[PDB]
Amino acid sequence: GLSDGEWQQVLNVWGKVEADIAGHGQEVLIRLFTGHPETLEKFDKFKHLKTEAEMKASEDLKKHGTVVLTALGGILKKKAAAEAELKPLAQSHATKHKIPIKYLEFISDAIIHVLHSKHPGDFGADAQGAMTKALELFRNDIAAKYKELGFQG
Ligand code: HEM
């Protein structure tokens with residue numbers, strides 16, 4: 001349950017991410033993989049990557065980072081009426097990639113960490129709270145569909 005003012009902070013924050021999406025997606029994935037090497041084993045494309053520098057040099061990693069943030073933004077722009085956008089995500093990540101909720105938590109922490117890091121004095125308390133709630137809603141909505149799909153998560 002986010003207010004309309006809270007959603008409008010989410011949409012503003014996400015507008016800043018989309019205007020600089022290559023860097024944002026790259027730092028989010030790197031924060032995820034260095035902080036939680038177990039999540040890397042889910043990416044056939046990336047599991048060969050060992051150091052942060054290899055990660056910063058992969059055009060593929062940068063490309064997929066933009067796929068991630070772009071898809072997340074589509075969900076966030078629907079702000080609590082996002083069922084159509086969550087469905088194919090939950091479908092593929094439950095049925096095909098097999099991503100536990102715990103990893104969606106990791107990537108949410110990473111997004112917030114990158115948002116703090118990249119926007120000094122421009123990512124204030126209202127925006128942080130709003131983003132934290134929006135990402136919590138996303139993970140919960142996915143976990144609910146995970147169960148309808150018979151995937152533990
Ligand atoms: C905010 C969270 C996430 C978003 C918005 C997101 C979005 C996407 C999208 C749009 C795709 C491509 C189409 C698809 O397969 O559905 C994808 C692929 C994938 N996702 Fe995620 N994803 C998220 C989290 C994660 C996490 C945390 C993992 C952890 C391992 C993961 C593992 C994968 C894999 C393995 C693929 C296929 C990659 C490939 O083509 O080689 N996803 N994701």
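For this chain, numbers begin at 1 and follow the sequence in order. Below, all heavy atoms of this structure are taken into account, side chains as well, without hydrogens, waters or symmetry copies. Note that ligands are numbered from 1 as they come in the structure, with each ligand's atoms numbered from 1 the same way.
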4.5 Å side-chain heavy-atom contact, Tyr146 and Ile99: yes
Atom 21 (Fe) of ligand 1 contact by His97, N, O or S atom under 2.8 Å: no
Ion pair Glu83/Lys78, N-O distance below 4.0 Å: no
Nearest-contact summary for atom 27 (C) of ligand 1 - protein heavy atom, Å: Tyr103 O, 3.6 Å
Selected option - heavy-atom contact closest to atom 25 (C) of ligand 1, from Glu38, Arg139, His93: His93
Mutual orientation of the aromatic rings belonging to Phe43 and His64 [parallel < 30°, tilted 30-60°, perpendicular > 60°]: perpendicular
Heavy-atom closest contact (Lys98 atom, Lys42 atom, distance): O-NZ, 2.9 Å
Ligand 1 contacted by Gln91 (non-hydrogen, < 4.0 Å): no
Nearest-0.5 Å distance, NZ of residue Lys87 to CD of residue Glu148: 9.0 Å
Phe138 neighbourhood, listing ligand 1 atoms whose heavy-atom distance to it stays under 4.0 Å: 1 (C), 2 (C)
Spacing of CG belonging to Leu76 relative to CG belonging to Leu69, to within rounding of 0.5 Å: 10.0 Å
Any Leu104 heavy atom less than 4.0 Å to ligand 1: yes
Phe106 contact mode with ligand 1 (heavy-atom cut-off under 4.0 Å): neither
Protein residue, atom and distance nearest to atom 9 (C) of ligand 1, heavy-atom basis: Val67 CG1, 3.8 Å
Minimum-distance protein heavy atom relative to atom 29 (C) of ligand 1: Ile99 CG2, 3.6 Å
Contact partition for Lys45 relative to ligand 1, non-hydrogen atoms under 4.0 Å: side chain
Those atoms of ligand 1 less than 4.0 Å from some heavy atom in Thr39: 30 (C)
Rounded distance (nearest 0.5 Å) linking atom CG of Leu89 with atom NE2 of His97: 8.0 Å
Part of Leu89 within contact of ligand 1 (heavy atoms, under 4.0 Å): side chain
Pair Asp4 + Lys79: basic N to acidic O under 4.0 Å: yes
Heavy atom of the protein closest to atom 35 (C) of ligand 1 (residue, atom name, distance): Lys42 O, 3.1 Å
Sub-4.0 Å protein heavy atom near atom 13 (C) of ligand 1: no
Atom pair NZ/CG of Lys16 and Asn12 - distance to nearest 0.5 Å: 5.0 Å
Atom 32 (C) of ligand 1 - nearest protein heavy atom and its distance: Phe43 CZ, 3.4 Å
Proximal ligand 1 atoms for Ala71, defined as those under 4.0 Å from one of its heavy atoms: 10 (C)
Under-4.0 Å salt bridge between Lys133 and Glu136: no
Numbered atoms and elements of ligand 1 in range of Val68, under 4.0 angstrom, heavy atoms: 4 (C), 5 (C)
salt_bridge(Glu38, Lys102) N-O dist < 4.0 Å: no
Protein contact to atom 16 (O) of ligand 1 [nearest heavy atom, distance to 0.1 Å]: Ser92 OG, 2.6 Å
